[PDB]
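Heads up: the structure comes next, in structure tokens.
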Amino acid sequence: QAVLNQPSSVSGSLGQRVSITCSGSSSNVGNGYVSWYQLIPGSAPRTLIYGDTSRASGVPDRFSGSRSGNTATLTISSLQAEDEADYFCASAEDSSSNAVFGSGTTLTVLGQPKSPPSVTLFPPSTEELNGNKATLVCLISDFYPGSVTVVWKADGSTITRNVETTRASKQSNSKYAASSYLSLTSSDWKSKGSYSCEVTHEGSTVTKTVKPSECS
Amino acid sequence: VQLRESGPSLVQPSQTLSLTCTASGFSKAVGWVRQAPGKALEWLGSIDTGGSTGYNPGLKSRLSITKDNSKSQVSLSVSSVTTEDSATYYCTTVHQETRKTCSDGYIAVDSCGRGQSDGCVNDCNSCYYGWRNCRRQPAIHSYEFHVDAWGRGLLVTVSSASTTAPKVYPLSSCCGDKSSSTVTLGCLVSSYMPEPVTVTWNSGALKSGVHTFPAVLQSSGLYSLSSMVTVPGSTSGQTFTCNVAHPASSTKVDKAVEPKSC
């Protein structure tokens, strides 16, 4: 097919500026009509630039496009937390109806304040327990940077099976969220004295505990 | 300008995936873009006002796009699908134009006024008199493409697995487990397939203080997700009902979530 080469990822500091390149040939980027798109997970693609330099309606002034030969550049100034996203260039090739997208770039914005995780641990419901199953749900939110490790415990000892933990994903406030699930039988739930969800973030651990016999 | 994709969220391998886009606030060329999980945006094709179609060359043999101005809708068809066709499919409005130009400090022979009309030259006088510094080139074509408006997109999963509607369970904290001033309630949307599910609270009337988490995929192949709502201690008399919709199974579930009386 054809490839518009972008750096896999780039980073810039808060309030500062960053550039993302888009390298192709003379048959795509050389046509002098490059476009740029912003992708935030859980949201639809958003058009930033078209025709090398023209900003789409509603796009702030701090997004600017340029092109020198067969390499286009997206420049973002005054970086904010909400600019952390994936960015894709694009260009027609051999036809206005044959669009080619770039390999994509992930932008990180450094210098944001660290935020510890808020942790909420839910016990299994009575409804689920009547069907002889028990799911413990550990919801993890408002943490930055967007990486945590989760450890489950029963009566103080590490649980080594039937744990599933999601990846971290970005929230509407540019912090991260994640969740972890412990799948038990109703018998397991009642037998142990306690269960814990331990969430480690930047070397600091937050633990929530529930006690079956006292959960009601 | 709004675009609305519609179609099945689940299809089996070797089947034909058929999608529809509904346009409102307009009549402009429409295109289809997809993004498979983990992959880049990928062009599929388009159909303009004149009704001419263009496709991603590498996928063309598997694609077909038609339109119906009366119903104000555009269709997409993808044949012989595999798991590689699992993706979010976006209906879009696209700009498509083809401007003939000369590449550099080259100008059309047309504009020189003599030599009539052909291709391109670097300088009218030089190529008119045939001076050694004259440079000629054929006319070149500049192709313009960009996406104006995007639909929110339709998630399509290619799988042979049957649908499984979710079991929805109430989430409430254990007794004694921290009467912080704020209470947290939620719904566990358990053991379904495929994605997605839509969760609202109180029939969508409640949006503030709602936190819906991405799904976890169990090794059983079934998804589970949770949505929680925060409630100030000051609050009283409010009911909290999560409304869970699962398009693949055409199921909608309403679960009332109570704090434990303790």
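All heavy atoms count here, side chains included; hydrogens, waters and symmetry mates do not. Every chain is numbered from 1, with letters handed out A, B, ... down the list of sequences.
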Original post:
Just by distance, with hydrogens left out, do A:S174 and A:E82 show a side-chain donor and acceptor under 3.5 Å apart?
Top reply: no

Subject >> Rounded distance (nearest 0.5 Å) linking atom CG of B:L171 with atom CG of B:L188 >> reply: 5.5 Å

Subject >> B:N69 side chain to B:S72 backbone, donor-acceptor under 3.5 Å >> reply: no

**OP:** Could you tell me whether a side-chain N or O of B:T101 sits under 3.5 Å from a main-chain N or O of B:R99, the two making a donor and an acceptor?
**Re:** yes

Subject >> Presence of salt bridge, B:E5 and B:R34, under 4.0 angstrom >> reply: no

**OP:** Determine yes or no for a side-chain-to-main-chain donor-acceptor pair under 3.5 angstrom, with B:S224 supplying the side chain and B:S191 the backbone.
**Re:** yes

Subject >> No-hydrogen, no-angle side-chain donor-acceptor test under 3.5 Å, A:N70 and A:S26 >> reply: no

Subject >> Any donor-acceptor N/O pair, A:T47 side chain to B:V147 backbone, under 3.5 Å >> reply: yes

Original post:
For B:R152, does the CZ atom sit with more than 12 other heavy atoms under 6.0 Å from it, leaving out its own atoms?
Top reply: yes

**OP:** Nearest 0.5 Å please: distance from the CG atom of B:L76 over to the CD1 atom of B:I47.
**Re:** 11.0 Å

Subject >> Atom pair CD/NZ of B:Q73 and B:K67 - distance to nearest 0.5 Å >> reply: 12.0 Å

Original post:
Got a second to check how far B:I140's CD1 is from A:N31's CG, nearest 0.5 Å?
Top reply: 7.5 Å

Original post:
Are B:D85 and B:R62 ion-paired here, with the side-chain N under 4.0 Å from a carboxylate O?
Top reply: yes

**OP:** Would you kindly say whether the two SG atoms, from B:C134 and from B:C127, are closer than 2.5 Å?
**Re:** yes

Subject >> Partner of A:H201 under side-chain contact (heavy atoms from CB on, under 4.5 Å), chosen from A:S147, A:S115, A:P145 >> reply: A:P145

Original post:
Is there a donor in the side chain of A:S9 and an acceptor in the side chain of A:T106, or the other way round, less than 3.5 Å apart?
Top reply: no

Original post:
Distance from B:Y55 atom OH to B:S46 atom OG, nearest 0.5 Å?
Top reply: 8.5 Å

Subject >> Sub-4.5 Å side-chain heavy-atom contact between B:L225 and B:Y192 >> reply: yes

Original post:
Is it true that A:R62 and A:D83 have a side-chain N and a carboxylate O under 4.0 angstrom from each other?
Top reply: yes

Original post:
Can any side-chain N or O of B:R136 pair as donor or acceptor with the backbone N or O of B:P138 at less than 3.5 Å?
Top reply: no

Original post:
CG/A:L48 to OH/A:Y37 distance, rounded to the nearest 0.5 angstrom?
Top reply: 9.5 Å

Subject >> Side-chain (B:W43) to main-chain (A:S97) donor-acceptor, under 3.5 angstrom >> reply: yes

Original post:
Going by atom types only, do B:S126 and B:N133 share a side-chain donor-acceptor pair under 3.5 Å?
Top reply: yes

Original post:
Can a donor-acceptor pair be found between the side chains of A:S183 and A:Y181 at a distance below 3.5 Å?
Top reply: no

Original post:
How are the rings of A:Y33 and B:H95 set relative to one another: parallel (under 30°), tilted (30 to 60°) or perpendicular (over 60°)?
Top reply: parallel

**OP:** Look at atom NZ of B:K60 and say whether more than 12 heavy atoms of other residues, nucleotides or ligands are closer to it than 6.0 Å.
**Re:** no

Original post:
Going by atom types alone, do A:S141 and A:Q171 pair a side-chain donor with an acceptor below 3.5 Å?
Top reply: no

Original post:
Using 30° and 60° as the class limits, which term best fits the ring planes of A:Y50 and B:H146: parallel, tilted or perpendicular?
Top reply: parallel

Original post:
Just by distance, do the side chain of B:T157 and the backbone of B:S86 share a donor-acceptor pair under 3.5 Å?
Top reply: no

Original post:
How about A:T165 and A:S180: does a side-chain donor come under 3.5 Å of a side-chain acceptor?
Top reply: yes

Original post:
How about B:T16 and B:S18: does a side-chain donor come under 3.5 Å of a side-chain acceptor?
Top reply: no

Subject >> Residue pair A:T200 / A:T205, side-chain donor-acceptor N/O under 3.5 Å >> reply: yes

**OP:** Answer with yes or no whether the side chains of A:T71 and A:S23 bring together a donor and an acceptor at under 3.5 Å.
**Re:** yes

Original post:
Does one side chain, of A:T105 or A:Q6, offer a donor that lies under 3.5 Å from an acceptor on the other?
Top reply: yes

**OP:** Establish, from distance only, whether the side-chain atoms of B:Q96 and A:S95 form a donor-acceptor pair under 3.5 Å.
**Re:** no

**OP:** Would you kindly say whether B:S249 and B:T251 are connected by a side-chain donor-acceptor distance under 3.5 Å?
**Re:** yes

**OP:** Would you mind telling me which of B:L19, B:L63, B:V94 makes a side-chain contact (heavy atoms from CB on, under 4.5 Å) with B:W32?
**Re:** B:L19

Subject >> Exceeds 12 heavy-atom contacts within 6.0 angstrom, atom CD of A:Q80 >> reply: yes

Subject >> Verdict with reasoning, A:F63 to A:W36, per ring pair (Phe, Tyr, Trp, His ring centres under 6.0 Å) >> reply: CA-CA 10 Å; A:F63 295 94; A:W36 289 92; over 10 Å; no

